[PDB]
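**Q** Below is model38.txt; it holds compact mmCIF, C-alpha atoms.
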```txt
# COMPACT_ATOMS: atom_id res chain seq x y z
CA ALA A 1 8.41 14.52 29.93
CA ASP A 2 5.40 13.73 32.15
CA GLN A 3 5.64 13.05 35.89
CA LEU A 4 4.14 10.12 37.74
CA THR A 5 3.08 9.29 41.33
CA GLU A 6 5.41 7.29 43.63
CA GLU A 7 2.49 5.48 45.35
CA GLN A 8 1.32 3.79 42.13
CA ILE A 9 4.74 2.23 42.11
CA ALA A 10 3.80 0.86 45.53
CA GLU A 11 1.12 -0.72 43.32
CA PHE A 12 3.82 -1.74 40.82
CA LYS A 13 5.80 -3.71 43.47
CA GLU A 14 2.58 -5.36 44.75
CA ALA A 15 2.46 -7.50 41.55
CA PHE A 16 6.09 -7.85 40.41
CA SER A 17 7.04 -8.92 43.90
CA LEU A 18 4.28 -11.53 44.00
CA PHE A 19 6.28 -13.19 41.28
CA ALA A 20 9.60 -11.94 42.79
CA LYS A 21 12.69 -14.16 42.30
CA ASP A 22 15.58 -14.92 44.71
CA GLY A 23 18.34 -13.66 42.34
CA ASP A 24 18.46 -10.00 41.21
CA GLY A 25 14.74 -9.81 42.05
CA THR A 26 13.24 -10.32 38.65
CA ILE A 27 10.08 -11.84 37.08
CA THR A 28 8.81 -13.15 33.74
CA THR A 29 6.71 -11.54 30.98
CA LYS A 30 3.29 -13.28 31.12
CA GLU A 31 2.81 -12.28 34.80
CA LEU A 32 4.55 -8.84 34.49
CA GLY A 33 1.62 -7.36 32.65
CA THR A 34 -0.24 -8.33 35.78
CA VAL A 35 1.77 -5.45 37.13
CA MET A 36 0.65 -3.42 34.11
CA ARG A 37 -2.98 -4.57 34.28
CA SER A 38 -3.15 -3.58 38.01
CA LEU A 39 -2.82 0.26 37.63
CA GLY A 40 -5.60 0.16 35.02
CA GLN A 41 -3.55 -0.64 31.92
CA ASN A 42 -2.50 -3.72 29.92
CA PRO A 43 0.54 -4.68 27.64
CA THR A 44 0.72 -6.25 24.15
CA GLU A 45 1.49 -9.94 23.39
CA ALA A 46 4.56 -9.36 21.16
CA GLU A 47 6.03 -6.35 23.04
CA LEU A 48 6.59 -8.19 26.36
CA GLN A 49 9.37 -9.97 24.50
CA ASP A 50 10.91 -6.85 22.86
CA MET A 51 10.49 -3.81 25.25
CA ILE A 52 11.21 -6.12 28.15
CA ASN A 53 14.24 -7.16 26.11
CA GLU A 54 15.41 -3.67 26.65
CA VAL A 55 15.37 -4.15 30.43
CA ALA A 56 15.25 -7.92 30.96
CA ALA A 57 18.30 -8.28 28.76
CA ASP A 58 21.81 -8.80 30.11
CA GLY A 59 21.73 -12.59 30.17
CA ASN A 60 19.40 -13.45 33.08
CA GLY A 61 16.33 -14.79 31.30
CA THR A 62 13.82 -12.57 33.15
CA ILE A 63 12.79 -8.99 34.05
CA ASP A 64 13.94 -6.89 36.94
CA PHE A 65 11.79 -4.28 38.80
CA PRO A 66 13.90 -0.94 38.58
CA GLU A 67 13.80 -0.18 34.79
CA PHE A 68 10.72 -2.26 34.01
CA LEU A 69 8.57 0.61 35.43
CA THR A 70 10.65 3.36 33.73
CA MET A 71 9.78 1.76 30.38
CA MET A 72 6.15 1.27 31.58
CA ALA A 73 5.43 4.95 30.82
CA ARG A 74 6.92 4.53 27.33
CA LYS A 75 4.09 2.06 26.79
CA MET A 76 1.62 4.65 28.02
CA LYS A 77 3.48 6.86 25.69
CA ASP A 78 2.50 4.29 23.06
CA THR A 79 -1.19 5.03 23.66
CA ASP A 80 -0.82 8.69 24.69
CA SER A 81 -2.57 11.29 22.50
CA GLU A 82 -1.31 14.17 24.71
CA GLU A 83 2.31 13.40 23.82
CA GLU A 84 1.41 13.87 20.12
CA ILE A 85 -0.35 17.32 20.41
CA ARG A 86 2.86 19.13 21.32
CA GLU A 87 4.18 17.62 18.12
CA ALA A 88 1.29 18.53 15.78
CA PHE A 89 0.65 22.17 16.83
CA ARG A 90 4.04 22.92 15.17
CA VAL A 91 2.24 22.24 11.85
CA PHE A 92 -0.93 24.25 12.53
CA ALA A 93 -0.09 26.72 15.33
CA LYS A 94 2.40 29.05 13.50
CA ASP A 95 0.50 30.42 10.45
CA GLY A 96 1.75 33.96 11.07
CA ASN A 97 1.33 35.97 14.24
CA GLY A 98 2.01 32.80 16.22
CA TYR A 99 -1.45 32.13 17.68
CA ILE A 100 -3.42 29.24 16.10
CA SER A 101 -6.91 29.95 14.78
CA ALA A 102 -9.91 28.53 16.64
CA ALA A 103 -10.79 26.47 13.51
CA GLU A 104 -7.44 24.57 13.30
CA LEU A 105 -7.43 22.98 16.83
CA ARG A 106 -10.48 20.88 16.11
CA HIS A 107 -8.52 19.57 13.19
CA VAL A 108 -5.39 19.26 15.39
CA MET A 109 -6.60 17.63 18.62
CA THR A 110 -8.75 15.47 16.32
CA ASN A 111 -5.63 14.82 14.13
CA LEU A 112 -3.87 13.11 17.10
CA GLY A 113 -6.88 11.79 19.01
CA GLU A 114 -9.28 9.34 17.37
CA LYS A 115 -11.82 9.54 20.20
CA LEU A 116 -11.24 13.20 20.93
CA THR A 117 -13.87 15.36 19.20
CA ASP A 118 -14.69 18.94 18.45
CA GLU A 119 -16.71 19.11 21.66
CA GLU A 120 -13.34 18.68 23.34
CA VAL A 121 -12.43 21.92 21.63
CA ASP A 122 -15.77 23.73 22.26
CA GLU A 123 -15.37 22.69 25.92
CA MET A 124 -11.91 24.32 26.13
CA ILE A 125 -12.97 27.20 23.93
CA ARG A 126 -15.35 28.63 26.56
CA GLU A 127 -12.22 29.12 28.71
CA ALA A 128 -10.23 30.47 25.72
CA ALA A 129 -12.95 33.13 25.03
CA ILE A 130 -11.85 33.26 21.33
CA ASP A 131 -13.92 36.42 20.78
CA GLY A 132 -12.23 39.71 19.89
CA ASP A 133 -9.63 38.12 17.61
CA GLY A 134 -11.53 35.06 16.70
CA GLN A 135 -8.37 32.92 17.10
CA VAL A 136 -6.36 31.56 20.09
CA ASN A 137 -2.85 30.50 21.16
CA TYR A 138 -0.93 27.27 21.86
CA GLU A 139 0.16 28.04 25.45
CA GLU A 140 -3.46 28.75 26.45
CA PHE A 141 -5.35 26.06 24.45
CA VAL A 142 -3.17 22.89 24.20
CA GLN A 143 -2.03 23.73 27.71
CA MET A 144 -5.62 22.86 28.69
CA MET A 145 -4.92 19.38 27.36
CA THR A 146 -2.20 19.04 29.98
CA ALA A 147 -4.54 20.51 32.64
CA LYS A 148 -7.75 18.86 31.39
```
Please rewrite the model in this file as structure tokens.

**A**
Amino acid sequence: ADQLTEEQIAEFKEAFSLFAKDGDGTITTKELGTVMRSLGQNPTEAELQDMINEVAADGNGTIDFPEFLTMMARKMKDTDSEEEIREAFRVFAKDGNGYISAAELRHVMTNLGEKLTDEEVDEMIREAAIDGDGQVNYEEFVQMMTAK
């Protein structure tokens, strides 16, 4: 699981609360993304009804603030390529000795990321050294995906 800042939430209440209700302190869907569009993100048109249905469901007719943000990261987990790498390397980074070969990563990071290129690899390679064995590991390389 990835950690998040508590001050961005101060950004999360800036919007939700602008639409804040008198009851449990909830809001609707059309204007909730205005909470999602504020941090530098944006939600889908059909998901506001379903994922919000996971937190705005209980029989109120709207969305509350507490769990609406907890699910917010699941949405950034919907467009997160870094959450997929940990998953892929189990297919390419275990061909023997346990350290993935320098030639697989470019096929791995590229396998998860559509925008992410080989230059992403060659950029992290310089730090990996690669020379001597010609290959690299998972804890040293992909770990640079979590750091960079």

**Q** For atom CA of residue A:51 and atom CA of residue A:6, quote the distance in Å rounded to one decimal.

**A**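 Result for atom CA of residue A:51 versus atom CA of residue A:6: 22.1 Å, one decimal.
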
**Q** Compile the contact shell of residue A:44 as a PyMOL selection string: residues with an atom at most 10 Å away, counting only C-alpha atoms, same-chain residues fewer than 4 positions apart removed.

**A** chain A and resi 33+48-49+75

**Q** Would you list the contacts of residue A:39 as a list in words, taking every protein, DNA or RNA residue within 10 Å and counting only C-alpha atoms, but skipping same-chain residues closer than 4 positions in sequence?

**A** residues 8, 9, 11, 12, 34 and 35 of chain A

**Q** Between A:76, A:125, A:1, A:93, which residue has the minimum interatomic distance to residue A:40, considering only C-alpha atoms?

**A** A:76

**Q** Can you pull out every residue within 9 Å of residue A:73, counting all atoms listed in the file, but drop anything in the same chain fewer than 5 positions away, and send it as JSON, numbers by chain?

**A** {"A": [2, 4, 78]}

**Q** Of the candidates A:129, A:47, A:138, A:32, which shows the shortest atom-to-atom distance to residue A:92, using all atoms listed in the file?

**A**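 Among A:129, A:47, A:138, A:32, it is A:138 that comes nearest to residue A:92.
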
**Q** In Å, rounded to a single decimal, give me how far atom CA of residue A:17 is from atom CA of residue A:61.

**A** 16.7 Å

**Q** Mind pulling up the distance from atom CA of residue A:81 to atom CA of residue A:13?

**A**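 So the two atoms, atom CA of residue A:13 and atom CA of residue A:81, lie 27.1 Å apart.
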